[PDB]
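A quick write-up on the structure given underneath.
In mature numbering (1 follows the signal peptide of the UniProt record, and there is no 0), the protein residues as written are 12 to 47.
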């Protein structure tokens with residue numbers, strides 16, 4: 012979820028995770044990626 016994503020040092024994105032990060036969870040009712 013967004014809270015845990017950001018508090019665990021990730022970023023919520025709908026787009027592909029940017030270079031040097033990868034998907035670790037979701038945000039926004041499942042519709043976005045947690046990228047770290």
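The beta-carbon is built from N, C-alpha and C at its ideal position, and this holds for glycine as well.
Which one of the options has the shortest CA to CA distance from residue i?
i	options	result
residue 47	13, 14, 21	21
residue 32	12, 14, 23	23
Using 10 angstroms around the beta-carbon of residue i, count the other beta-carbons present and answer buried if the total reaches 16, otherwise exposed.
i	result
residue 44	buried
Within the same chain, show all residues whose beta-carbon is closer than 7 Å to that of residue i, passing over the 5 residues directly before and after it, in chain order.
i	result
residue 28	34, 44, 46
When DSSP labels each residue in this structure, what does residue i get in the three-state scheme?
i	result
residue 23	strand
residue 16	helix
residue 44	strand
residue 34	strand
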